[PDB]
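With the entry's author numbering applied, the sequence shown covers 32 to 204, 211 to 380. Cβ coordinates follow ideal geometry from the N, Cα and C atoms, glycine included.
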Amino acid sequence: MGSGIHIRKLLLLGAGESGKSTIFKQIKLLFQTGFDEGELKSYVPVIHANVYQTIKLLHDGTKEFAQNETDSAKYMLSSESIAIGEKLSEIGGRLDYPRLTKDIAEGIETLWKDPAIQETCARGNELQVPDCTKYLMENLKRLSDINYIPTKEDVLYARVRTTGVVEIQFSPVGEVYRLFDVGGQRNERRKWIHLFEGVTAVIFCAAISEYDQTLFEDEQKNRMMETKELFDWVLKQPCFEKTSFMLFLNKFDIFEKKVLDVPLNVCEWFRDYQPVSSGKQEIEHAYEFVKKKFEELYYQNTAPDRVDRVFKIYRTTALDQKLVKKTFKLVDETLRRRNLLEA
Ligand SMILES: Nc1nc2c(ncn2[C@@H]2O[C@H](COP(=O)(O)OP(=O)(O)OP(O)(O)=S)[C@@H](O)[C@H]2O)c(=O)[nH]1
Ligand SMILES: [Cl-]
Ligand SMILES: [Mg+2]
């Protein structure tokens with residue numbers, strides 16, 4: 032007879048921007064209380080910063096593209112849009128938390144309509160233009176409103192690179214989960230190893246939509262290749278001999294749009310992909326091909342004294358509250374059933 036308390040450690044791992052914190056926020060929303068008014072307002076400075084960050088990357092990329100174009104007026108901005116442009120890049124560089132006003136939103140919304148910016152957005156995958164860009168650019172009136180209060184959707188979009196280690200505790204529906218969120222950019226990974234003891238499950242986030250993108254850390258490195266190599270590295274860690282692996286193939290909502298426009302074949306790993314249909318048939322073909330690449334990667338890298346550990350794959354969109362709820366229930370049943378097996 033002991034205390035009766037069973038705390039199981041769960042670890043979010045994955046590359047920078049893969050969706051870990053987003054999953055983390057969903058867990059708090061599902062298994063604890065919903066964000067109260069003060070908590071919602073605390074994200075305004077982040078959301079506003081994101082808007083200036085996004086327009087800056089577009090404004091800078093246009094300058095990059097114009098220098099390499101020698102016989103085109105393609106990436107030359109208007110005069111008004113330059114008067115707006117330069118103003119914003121000044122503000123966003125001297126302030127970590129630039130405020131989005133009615134007037135600033137007007138300039139951005141005007142700068143967004145410039146064909147030079149649009150020509151830049153079209154080549155966004157060659158830049159670090161975030162996926163949420165269209166969303167932000169379409170909600171400026173709401174976001175710049177004097178009494179702006181962020182929605183759950185806003186907060187989940189809100190993007191901060193994680194630089195510390197945060198823990199939450201929850202029991203689904211004396212069994213408790215202790216869930217850790219940590220940064221996944223290369224420099225933050227130095228923090229990983231000290232978290233690796235006594236882990237019941239690793240929840241590894243793989244952003245499957247990034248197959249035509251390059252890293253923040255190294256703009257020459259394909260993002261999907263990094264995820265491949267990173268997952269590979271996690272799987273070989275001695276501490277994880279008995280740890281369950283829950284693989285979230287995340288950003289499926291983005292992957293769905295992208296695959297019918299950008300062939301999987303642009304990523305080295307997916308070089309031999311052959312399309313077979315159109316529409317939803319093709320999307321599912323492409324998904325199953327990616328999933329199979331990850332499965333094979335898993336078995337290729339799991340040695341015999343580890344092959345018995347649990348391994349599951351889930352297709353996720355971290356912004357989708359109902360899907361994360363249903364995904365987490367499956368994960369919990371699997372972990373419970375397994376712990377009950379080794380008893
Ligand atoms: N469309 C879409 N966007 C997503 C999805 N998952 C995460 N995002 C968005 O991607 C961005 C990065 O997500 P985030 O949760 O911060 O990644 P991270 O793994 O925590 O990144 P880091 O801390 O290691 S730098 C956020 O703006 C978030 O809203 C998704 O499934 N679909
Ligand atoms: Cl099972
Ligand atoms: Mg994070």
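How about the region 263-276 and the region 314-324: do they share at least three Cβ pairs that are nearer than 8 Å? Verdict: no, contact absent.
Can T364 be considered in contact with ligand 2, in the sense that its beta carbon sits closer than 6 Å to one or more heavy atoms? Mapped onto the sequence shown, residue 364 falls at position 327. No, the beta carbon of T364 sits no closer than 6 Å to any heavy atom of ligand 2.
Where does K295 fall in DSSP's three states? Against the sequence shown, residue 295 aligns to sequence position 258. Helix, per DSSP.
Smallest Cα separation from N178: which of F292, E117, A136, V75? Position 147 of the sequence shown holds residue 178. From the listed residues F292, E117, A136, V75, the smallest Cα separation to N178 is found for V75.
Kindly provide the chain-ordered list of residues whose Cβ lies closer than 5 Å to any non-hydrogen atom of ligand 3. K51, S52, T193
Cβ pair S49, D218 closer than 7 Å: In the sequence shown, counting from the first residue as 1, residue 49 sits at position 18. In the sequence shown, counting from the first residue as 1, residue 218 sits at position 181. For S49 and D218, no; Cβs fall outside 7 Å.
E157 to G92 span [Cα, whole Å]: Residue mapping note: residue 157 aligns to position 126 of the sequence shown, counting from 1. Residue mapping note: residue 92 aligns to position 61 of the sequence shown, counting from 1. Looking at the two C-alpha atoms, the distance is approximately 9 Å.
Under a three-way DSSP split, which group does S112 fall into? Locating residue 112 in the sequence shown gives position 81, counting from the first residue. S112 falls in the helix class under three-state DSSP.
Would you check if there are 3 or more beta carbon pairs closer than 8 Å linking the region 93-112 to the region 181-196? no
Assess, as a yes-or-no matter, whether the region 85-105 is touched by the region 155-170 under the definition of 3 or more beta carbon pairs within less than 8 Å. yes
Got a sec? Which residues, its chain only, sit under 6 Å from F55 by beta carbon, not counting five neighbours each side? On the sequence shown, residue 55 is found 24 positions in, with the first residue counted as 1. If we look at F55 and ignore the five residues flanking it on each side, its Cβ neighbours are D218.
In the structure shown, what three-state DSSP assignment does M262 receive? As a working mapping, residue 262 is identified with position 225 in the sequence shown. In the three-state scheme derived from DSSP, where H, G and I count as helix and E and B as strand, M262 is classed as helix.
For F326, does the three-state DSSP call read helix, strand or coil? On the sequence shown, residue 326 is found 289 positions in, with the first residue counted as 1. Three-state result, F326: helix.
Give the secondary structure of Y310 by DSSP, where H, G and I count as helix, E and B as strand, and everything else as coil. Working through the sequence shown from its first residue, we reach residue 310 at position 273. Coil, per DSSP.
Can you tell me which residues form a DSSP beta bridge with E100? Against the sequence shown, residue 100 aligns to sequence position 69. In the DSSP output, where bridge partners are listed per residue, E100 has none listed.
Residue range of the unbroken beta strand (DSSP E) whose run includes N287: Against the sequence shown, residue 287 aligns to sequence position 250. Unbroken beta strand (DSSP E) run through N287: 281-287.
List the DSSP bridge partners of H37. Along the sequence shown, read from residue 1 onward, the residue named residue 37 stands at position 6. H37 pairs with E212.
With C-beta atoms as the reference, is residue 383 less than 7 Å away from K288? For the chain, the structure presents residues 32 to 380; residue 383 sits outside this window and is missing.
Same chain, Cβ closer than 8 Å to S202, five either side skipped, listed in chain order: Counting from 1 along the sequence shown, the entry for residue 202 is found at position 171. Only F62, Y214 meet the Cβ criterion.
Would you decide whether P181 is buried or exposed? Buried here means 16 or more other CB atoms lie within 10 Å of its CB. As a working mapping, residue 181 is identified with position 150 in the sequence shown. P181 comes out buried.
Straight-line gap, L171 to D185 (C-alpha atoms, nearest Å): To locate residue 171, count along the sequence shown from 1; it is residue 140. To locate residue 185, count along the sequence shown from 1; it is residue 154. Answer to the nearest angstrom: the Cα atoms are 12 Å apart.
Are the Cβ atoms of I199 and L43 separated by less than 7 Å? Stepping through the sequence shown from its first residue, residue 199 is reached at position 168. Stepping through the sequence shown from its first residue, residue 43 is reached at position 12. Between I199 and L43, the CB-CB gap reaches or exceeds 7 Å.
What do you reckon, are the CB atoms on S246 and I291 nearer than 7 Å? Your numbering for residue 246 matches position 209 in the sequence shown. Your numbering for residue 291 matches position 254 in the sequence shown. Yes, they are a contact pair.
Short of 6 Å in beta carbon distance, which residues of its chain neighbour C242, apart from the five on each side in sequence? Order them along the chain. By one-based count along the sequence shown, residue 242 stands at place 205. Once the five neighbours on either side are set aside, the close Cβ partners of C242 are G45, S49, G50, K51, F285, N287.
Simplified DSSP assignment, three categories, for residue 205: No atoms are given for residue 205, which sits in the stretch of the chain between 204 and 211 that the model skips.
So, with DSSP's three-state summary, where would you put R223? Here residue 223 refers to the residue found at position 186 when the sequence shown is read from its first residue. Residue state, collapsed to three classes: coil.
Rounded to the nearest angstrom, what separates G211 and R260 at their Cα positions? Within the sequence shown, residue 211 is the residue found at index 174, counting from 1. Within the sequence shown, residue 260 is the residue found at index 223, counting from 1. Rounded to whole angstroms, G211 and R260 show a C-alpha spacing of 41 Å.
Using C-beta distances below 8 Å, list every residue in its chain close to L88, excluding the 5 sequence neighbours before and after it, in chain order. On the sequence shown, position 57 is the one that residue 88 refers to. These residues qualify, in order along the chain: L158, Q159, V160, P161.
How about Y106 and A147: are their beta carbons less than 7 Å apart? To locate residue 106, count along the sequence shown from 1; it is residue 75. To locate residue 147, count along the sequence shown from 1; it is residue 116. Yes, these two residues count as a Cβ contact at 7 Å.
Who are the Cβ neighbours of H231 in its own chain at under 7 Å, not counting the five residues just before and after it? If you number the sequence shown from 1, residue 231 lands on position 194. Hits under 7 Å: none found.
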